[PDB]
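Chains as they are written, first to last, in UniProt numbering: chain S, 3264 to 3566; chain H, 3264 to 3566. For reference, the structure is listed below as structure tokens.
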Ligand SMILES: *C(=O)[C@H](C[C@@H]1CCCNC1=O)NC(=O)[C@H](CC(C)C)NC(=O)[C@H](Cc1ccccc1)NC(=O)/C=C/c1ccccc1
Ligand SMILES: *C(=O)[C@H](C[C@@H]1CCCNC1=O)NC(=O)[C@H](CC(C)C)NC(=O)[C@H](Cc1ccccc1)NC(=O)/C=C/c1ccccc1
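Here it is in structure tokens:
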């Protein structure tokens, strides 16, 4: 028993982290085979933060402008290119620690582990969800760029996030590993706003099932609702619409607990309209939406 | 900026996990140099559970009754001994991945990272605190015994916890790596109940400082209190007494924010007496007590 915000074991990714310096700017790089991936804004100066044209800063760079350090071993850069908002630095050594890996782009509402690093050295690991507005609520300080997000399936690391920036609201924005930003953000010093966020309804339901599996039952009731009547309540509270595919995805948790999805929806509607009246669910006084149905099944395997 | 429950990178410990089987019972072991450490209840059977004489059970075992597997490689057990509630299995191979390490026993109120494992294979990593009643609120299923808790300083792994059991309340109990239980628990079958828990006051104050560092300021006030008057309120709400050493430990966070410790205590008193009136702090509607002052400093480093 127990339910915790759990990250994937980070060992396979730790072996991929290097330090990339260009000018007086240092950040993190991801070393896979003979390529190091890093945010392209490593080539920017104090003087070009509002109007940066990145082909040219790049055209004006040479291979020797990039110092790549793996531990205390210097890697020789033998080629450089831009891929959207990331740089690909070809180095003269394939990383012997390269895991089996994939570059996947994730969907809002999906979760991943972040390995926070500074100067190529990992600091900590934690779980994040991609918000409906394509930001993430992380923990990132100056020097955290090149910190990657990932999932692991058996021995294959699916990289999904590279960190680039913090917004004025304190939330975080980045790219997939092809260098394409999540959301309407750009790698400039512009104060940018994300759109309005919403709550990931299917995840809240999954976490309620986690609660039941773990013995928290006080919020259950006889009642059931229709999908239509639930979604009318959901939109009033800034919750995302629940689709039939969401209902289907919750099937296995529904079967394990014997609580029909639309029954659990009736509990959620009451929680939304009444609050908790001083009680907690799995140690929380708020409704939690950063656990996917997969996250619950993986962790609550067998109770 | 940002504040998350963050675990240490788990790579160094992943390289130490093995699978230990004796009879029909499989659990995890910790392989350091030429010794594998595991819970001694691996040698118990279905019908000796309520009070095994472990020491009778061990004299009846031989080296070949213990099968140890590191990945896909069987390790030969060449010796076995009991140290309190753990077993030391001497193997014929020193683990080439052994980090610099220490066996430390932690205090209630301190935190550590848990690498949850099954069949010698790591599943996830998360942060735990040792409760004042010597339990931990973890996520542990059947097969997770022998999973370890640890902190990392520089590149030295300080192991502090090995998992043994779940209490009827759903919380978890284990030993240090010398096999001595945290708290009044035994690796046998009784009606084991935790003693009454309390909230870790110094940690709540540390987390309030993290909140300020991260721009959550609504709970601040212009009052200050005396340590005596605060501790009278703390005792009323099941909070641990705040000592002058606690105030001293909070010094650096006090200086960084310019909020004197006893001023922050005045905010905490009002939070305890009024609640939050529907507001949140660092995304929480409850007062969080599983971040130490060190956890905050290390993460809210330089704003
Ligand atoms: C890379 O390591 C770094 C990480 C972020 C910086 C520190 C805070 N948390 C982080 O994750 N990424 C950047 O520095 C990035 C470089 C750009 C994309 C070229 N910039 C930022 O993240 C933010 C964007 C921003 C700009 C203006 C307002 C609000 C957000 N830049 C800053 O935070 C700097 C703000 C600043 C500096 C000096 C004086 C006043 C304000
Ligand atoms: C080792 O892997 C295992 C992990 C725990 C078991 C599964 C639940 N979560 C865990 O962390 N540790 C044990 O199995 C341990 C072995 C003892 C110490 C020799 N036992 C337990 O953790 C609990 C103790 C307990 C016993 C009775 C009531 C409450 C708690 N044992 C059980 O959970 C088994 C309960 C049970 C089994 C079969 C029928 C009815 C109840």
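Backbone N, C-alpha and C fix where the C-beta goes; we use that ideal spot for every residue, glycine too.
Start and end residues, beta strand (DSSP E) containing residue i
i: residue 3363 of chain S; result: 3363–3366
i: residue 3470 of chain H; result: From DSSP, residue 3470 of chain H is part of no beta strand (DSSP E) but of the alpha helix (DSSP H) over 3464–3476.
i: residue 3266 of chain H; result: Element bounds for residue 3266 of chain H: n/a, residue is neither H nor E.
i: residue 3410 of chain S; result: Counting along the chain, residue 3410 of chain S falls outside any beta strand (DSSP E), and DSSP gives it neither H nor E.
i: residue 3285 of chain S; result: 3280–3285
i: residue 3436 of chain S; result: 3435–3438
i: residue 3341 of chain S; result: 3340–3346
When the options are compared against residue i, the one with the closest alpha-carbon
i: residue 3545 of chain H; options: H/3300, H/3402, H/3308, H/3469; result: H/3469
i: residue 3424 of chain S; options: S/3302, S/3513, S/3290; result: S/3302
i: residue 3527 of chain S; options: S/3508, S/3294, S/3480; result: S/3480
i: residue 3305 of chain S; options: S/3557, S/3286, S/3295, S/3374; result: S/3286
i: residue 3373 of chain H; options: H/3516, H/3418, H/3390, H/3316; result: H/3390
i: residue 3581 of chain H; options: H/3371, H/3410, H/3384; result: Within the shown structure, residues of chain H are numbered from 3264 to 3566, placing residue 3581 of chain H beyond reach of any answer.
i: residue 3292 of chain H; options: H/3358, H/3399, H/3524; result: H/3358
i: residue 3439 of chain S; options: S/3455, S/3433, S/3448; result: S/3448
i: residue 3356 of chain S; options: S/3297, S/3451, S/3539, S/3503; result: S/3297
i: residue 3326 of chain S; options: S/3457, S/3333, S/3338, S/3273; result: S/3338
i: residue 3295 of chain S; options: S/3336, S/3320, S/3279, S/3455; result: S/3279
i: residue 3410 of chain S; options: S/3343, S/3529, S/3299; result: S/3299
i: residue 3533 of chain S; options: S/3450, S/3379, S/3486, S/3363; result: S/3486
i: residue 3446 of chain H; options: H/3416, H/3417, H/3369; result: H/3369
i: residue 3475 of chain S; options: S/3434, S/3565, S/3318; result: S/3565
i: residue 3501 of chain S; options: S/3395, S/3518, S/3548; result: S/3395
i: residue 3467 of chain S; options: S/3342, S/3491, S/3553, S/3516; result: S/3553
i: residue 3361 of chain H; options: H/3343, H/3333, H/3462; result: H/3333
i: residue 3380 of chain H; options: H/3398, H/3408, H/3364, H/3400; result: H/3408
i: residue 3377 of chain H; options: S/3437, S/3388, S/3382; result: S/3388
i: residue 3477 of chain H; options: S/3431, S/3269, S/3535, S/3551; result: S/3431
i: residue 3422 of chain H; options: H/3412, H/3429, H/3416, H/3428; result: H/3412
i: residue 3313 of chain S; options: S/3450, S/3366, S/3321; result: S/3450
i: residue 3453 of chain H; options: H/3429, H/3557, H/3282, H/3555; result: H/3429
Residue i (DSSP reduced to helix, strand or coil)
i: residue 3391 of chain H; result: strand
i: residue 3328 of chain S; result: helix
i: residue 3532 of chain H; result: helix
i: residue 3404 of chain S; result: coil
i: residue 3302 of chain H; result: strand
i: residue 3444 of chain H; result: strand
i: residue 3310 of chain H; result: helix
i: residue 3416 of chain H; result: strand
i: residue 3383 of chain H; result: coil
i: residue 3537 of chain H; result: helix
i: residue 3557 of chain H; result: helix
i: residue 3562 of chain S; result: helix
i: residue 3430 of chain H; result: coil
i: residue 3524 of chain S; result: helix
i: residue 3289 of chain S; result: strand
i: residue 3370 of chain H; result: coil
i: residue 3449 of chain S; result: coil
i: residue 3360 of chain S; result: coil
i: residue 3333 of chain H; result: strand
i: residue 3397 of chain S; result: coil
Opening and closing residue of the alpha helix (DSSP H) in which residue i lies
i: residue 3274 of chain S; result: 3274–3277
i: residue 3547 of chain S; result: Where residue 3547 of chain S is concerned, there is no enclosing alpha helix (DSSP H), given that its DSSP letter is neither H nor E.
i: residue 3520 of chain H; result: 3514–3520
i: residue 3322 of chain S; result: 3317–3322
Residue i Cβ short of 7 angstroms to ligand 3 heavy atom set
i: residue 3519 of chain H; result: Of the ligands one can find in the structure shown, namely ligand 1 and ligand 2, none is ligand 3.
If contact means a Cβ-Cβ distance below 7 angstroms, which residues of the region 3499–3531 of chain S contact chain H? none
Return the chain-ordered ranges of every alpha helix (DSSP H) run that is complete within the region 3475–3511 of chain S and spans a minimum of 4 residues. 3490–3499
For the region 3385–3397 of chain S, which residues have a beta carbon sitting closer than 7 angstroms to at least one beta carbon of chain H? 3385, 3387, 3388, 3389
The region 3453–3487 of chain H: which residues have C-beta closer than 7 angstroms to a C-beta of chain S, in chain order? 3477, 3478
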